[PDB]
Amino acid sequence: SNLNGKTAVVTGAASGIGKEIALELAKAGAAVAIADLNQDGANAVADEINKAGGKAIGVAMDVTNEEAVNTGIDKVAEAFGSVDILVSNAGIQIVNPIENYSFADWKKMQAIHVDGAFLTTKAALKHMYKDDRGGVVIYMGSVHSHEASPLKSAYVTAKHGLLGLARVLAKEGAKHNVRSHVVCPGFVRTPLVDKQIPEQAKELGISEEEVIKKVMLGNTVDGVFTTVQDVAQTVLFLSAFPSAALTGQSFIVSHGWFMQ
């Protein structure tokens, strides 16, 4: 997998999965624009890449805003000459049962996860469709693109929706040499998780080990957290694939949680 001469935009990439994707794509030779609401956050990642010998810039962008997305993607295209790869990535999670789920929270969840994917896609296609130069568009989904959990109606709905948009893009983008994919990570261990574990142990009245192995990773086959590296490697594989053979497909990266 080599991306020398390629240009990539990764959104929500100041941290976590999106940051590791950015790092991995740059390592592979891609020139990478790290887009995030926080320009300083984006810059820190870009600075890490440049220090390691790669090529990156940080781009401030509210992905729910058409104007900010269009301008920012065009800025990338101007700096780098193209946009070969778009990775649309958001991780914001707001939980609540449906009967208590705020409509404001609901709308913000759809806007960030899905409108952000729609807008950045639309903006990237303006450049990818030019003379059918082509491109790869990857949405970061979840096992929750495929399977539900209680208290996560907004997130599960959004992640399900991302599959539909990607599948339409695969049929529309083919004649312009644009491929689409969805990558669906399982449970990643975070500082938040580290705090949620003892909480749920006390509330449920079981051990923290049972919270990890049975509550959180009970649907995995091995009781192992998914790593950002797992995810980034799969994105790299897709980004560098030599044909459109995998277009429209989703890839579940979850240690056996939901098997398709």
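Start at 1 and count along the sequence shown; that's the residue number.
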According to the deposited model, is the average Cα temperature factor higher in 211 to 219 or in 191 to 199?
191 to 199
Highest mean C-alpha temperature factor of the two stretches 13 to 21 and 247 to 255, which is it?
13 to 21
Between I49, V231, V63, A33, where does the Cα B-factor run highest in the record?
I49
Residue, from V235, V69, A42, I206, that the PDB entry assigns the highest Cα B-factor
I206
Ranking every modelled residue in this chain by its Cα temperature factor as given in the entry, which third contains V95?
middle
Considering only modelled residues of the same chain, in which third does the CA B-factor of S82 rank: lowest, middle or highest?
highest
Ranking the modelled residues of this chain by C-alpha B-factor as given in the entry, is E147 in the lowest, middle or highest third?
lowest
By the record's CA B-factor, is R179 among the lowest, middle or highest third of residues in the chain?
middle
Sort the modelled residues of this chain by their C-alpha B factor and say whether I73 lands in the lowest, middle or highest third.
middle
